[PDB]
Every structure is written in structure tokens, then in C-alpha cells.
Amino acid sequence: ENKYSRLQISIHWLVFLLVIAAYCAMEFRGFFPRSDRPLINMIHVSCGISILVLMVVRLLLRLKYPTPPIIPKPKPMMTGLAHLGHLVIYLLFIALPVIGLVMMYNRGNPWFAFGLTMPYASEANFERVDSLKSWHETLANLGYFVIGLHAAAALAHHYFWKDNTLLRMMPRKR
């Protein structure tokens, strides 16, 4: 009816938590000794892979289900634009972890996700890694900005315009 489905709400906020954890693992890496870095890297990649899976799943749900309407109703072009913004989020947060994965693959070393050993190239590819590393960094930085705009828009809706944009994405009926 008037909310996203409970599964979509769960996934939205789960991904938020996982993204926070992914960023935090990288941002605070140097606060841990060298000896803990493998674990920090594992947390990072494991969150990243979880996020990728959930980004794909949420997108398939987005196709399957209607978008709940906003009350009052935006102009059709405003909805189009918000929906375009969403497409940009879907793309960014799929491309970011994919680049991560391809980076780890092309490094040609054993690596671990969810306590499990993952595939890697039998020979390393250094031109590719350098480029992938640069892209991962840029997209991760673009991610901050995009989440910030995204959250800010939600807050402008909820507090300034006083519409139900954010309530539709919140778990409780309020």
C-alpha cells in the first residue's frame, strides 16, 4: 500500500549498515596494527560482496514491485528525476564492489571473504590493478557525495516539505 514492502525496507537499512561498515573498515584501517590488517580487509571485502548481492536483489525487487506513491504527489518530472537518481545509485553501488572484486582477482593472491578462500588470477595483472584501484577510490569517494545528497533530499522531504517520502521507507507506521 503506502510503504515499500518490509523486505525492501529491511534491505535498504541493512545495506546502509553494511556500507557504513565497509567505509569504516577502510577509513580506520591505520588505527589497527599491521597484524590486524588481514582481518580488516576481510571485513571490508565481505561487506562489499554482501552489498553487491543486496544491490542486485533490491533492484530485482524494484522491478517486481510498484514504487509506493508520495503524498502529496510530486510533479511527474520530479518522480522521473528521483527515479533517475535511484538508477545512478544502483549503478554506482554495483560498479564499486564489482571493481573491488576484479581488483582482488587480478592481484593474483589468495584472499578471503566470509572466512572462505576466493578465486584469483594464476598470474597478476599490474596495469589493470593500478587502474582498478584508482577507479575503486574515485567511485568510493563519489559514493559519499551521492549518499549525502540522497540522505539530504530525504530529510528535505521529511522536514521541509513535510511529505511522506521518508515514512514510506521507515519500518514503523508513524
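Residue numbers here begin at 1 and follow the sequence given.
Look at the mean CA B-factor for 22 to 30 and for 35 to 43 in the entry; the higher one is 35 to 43. Between 87 to 95 and 73 to 81, the higher mean Cα B-factor belongs to 73 to 81. Remark: of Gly48, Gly143, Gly115, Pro68, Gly115 shows the highest value [criterion: C-alpha B-factor in the PDB entry].
The PDB entry assigns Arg128 a C-alpha temperature factor belonging to the highest third of its chain's modelled residues. When the CA B factors of the chain's modelled residues are split into thirds, the value for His136 lands in the middle one. When all modelled residues of the chain are sorted by CA temperature factor, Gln8 is found within the lowest third.
The PDB entry assigns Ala121 a C-alpha temperature factor belonging to the highest third of its chain's modelled residues.
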